[PDB]
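Every chain is numbered from 1, with letters handed out A, B, ... down the list of sequences. Just so it is clear, the values below take in all heavy atoms, side chains as well, and ignore hydrogens, waters and symmetry mates.
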There are 8 protein chains.
Amino acid sequence: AXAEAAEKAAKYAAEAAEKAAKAXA
Amino acid sequence: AXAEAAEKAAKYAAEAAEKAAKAXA
Amino acid sequence: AXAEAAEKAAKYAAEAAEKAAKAXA
Amino acid sequence: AXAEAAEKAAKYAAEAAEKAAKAXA
Amino acid sequence: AXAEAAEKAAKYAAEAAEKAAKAXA
Amino acid sequence: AXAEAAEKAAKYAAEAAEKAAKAXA
Amino acid sequence: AXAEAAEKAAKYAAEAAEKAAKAXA
Amino acid sequence: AXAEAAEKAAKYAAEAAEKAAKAXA
Ligand SMILES: CCCCCCCCCCO[C@@H]1O[C@H](CO)[C@@H](O[C@H]2O[C@H](CO)[C@@H](O)[C@H](O)[C@H]2O)[C@H](O)[C@H]1O
């Protein structure tokens, strides 16, 4: 359960980071 | 570069949590 | 779109924290 | 107090994101 | 249980950060 | 510098986790 | 101690934003 | 505009955290 929660959080941060990276592209 | 590094770290964290989730199963 | 995802992320976080808070109450 | 602070912080963030989502309409 | 897995994860992350600090220098 | 700051946050988390872990010990 | 750590995180955020603000100036 | 607003908000947050840190001691 906690692993799942951590994965969801990391996935959100990764998508956020990706949109920032694309904005700077 | 900052956003890219954060995206990479977050994707590694997500993979690591997924692996833990699959192991805990 | 960014704002909407951030709000969803935060709601999920609040729900997790609330659960923790309730366990400690 | 830790969990309660975390809950308050998450709820604050959710409120701010929601206000932002509404403004961006 | 939860705290021990969280301490272990946090230590791994700190080591990864430290490695990156040394590589970047 | 970012890696250094990441490291401090990670160390902070690990010590908070250890304090909880010791109370559960 | 938690408030002191939160202050440090907020200061880091402020410096990061200031960096961006200056480059955008 | 965005970076300036983020800087302002982070500074507000830091002052709040500092005030709390001083109240607690
Ligand atoms: C990878 C992300 C990590 C998540 C957060 C981890 C942060 C770890 C501690 C950072 O250290 C802080 O760095 C700030 C910025 O370098 C400094 O503020 C500096 O800049 C502020 C912003 O104006 C001023 O208010 C301060 O006086 C000035 O010291 C502050 O003193 C220092 O303690």
Side-chain angles (χ1 to χ4, degrees), chain A residues 1-18, chain B residues 2-25, chain C residues 5-25, chain D residues 1-14 17, chain E residues 1-24, chain F, chain G residues 1-10 12-13, chain H residues 17:
Chain A
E4 291 267 342
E7 182 184 352
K8 281 169 243 253
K11 275 191 188 174
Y12 167 75
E15 287 285 335
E18 178 173 0
Chain B
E4 290 281 357
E7 184 185 354
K8 185 165 178 5
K11 286 168 175 185
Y12 183 91
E15 290 286 331
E18 180 176 0
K19 285 190 181 64
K22 290 174 179 182
Chain C
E7 187 189 345
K8 305 173 208 256
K11 274 173 189 183
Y12 272 92
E15 287 294 312
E18 183 171 344
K19 184 250 158 120
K22 274 170 176 175
Chain D
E4 286 285 330
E7 186 180 348
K8 295 164 232 155
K11 287 176 166 183
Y12 188 89
Chain E
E4 290 273 345
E7 178 180 4
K8 188 181 279 171
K11 285 172 177 184
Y12 177 86
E15 293 273 338
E18 174 174 5
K19 249 142 260 202
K22 284 168 176 181
Chain F
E4 291 272 352
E7 187 179 354
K8 286 187 183 69
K11 283 180 175 173
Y12 182 81
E15 292 272 334
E18 166 178 8
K19 176 170 171 212
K22 280 171 160 187
Chain G
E4 296 272 354
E7 191 182 347
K8 283 195 178 84
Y12 179 87

Taking only residues two or more places apart in sequence, or in another chain, which ones meet C:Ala10 in a side chain to side chain contact (heavy atoms under 4.5 Å, CB included)? D:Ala13, D:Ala14
To the nearest 0.5 Å, what is the distance between CD on A:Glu7 and NZ on B:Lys19? 9.5 Å
For G:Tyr12 and F:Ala5, the nearest pair of non-hydrogen atoms, with its separation, is CE1-CB, 3.4 Å
For E:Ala6 and F:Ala17, the nearest pair of non-hydrogen atoms, with its separation, is C-CB, 4.0 Å
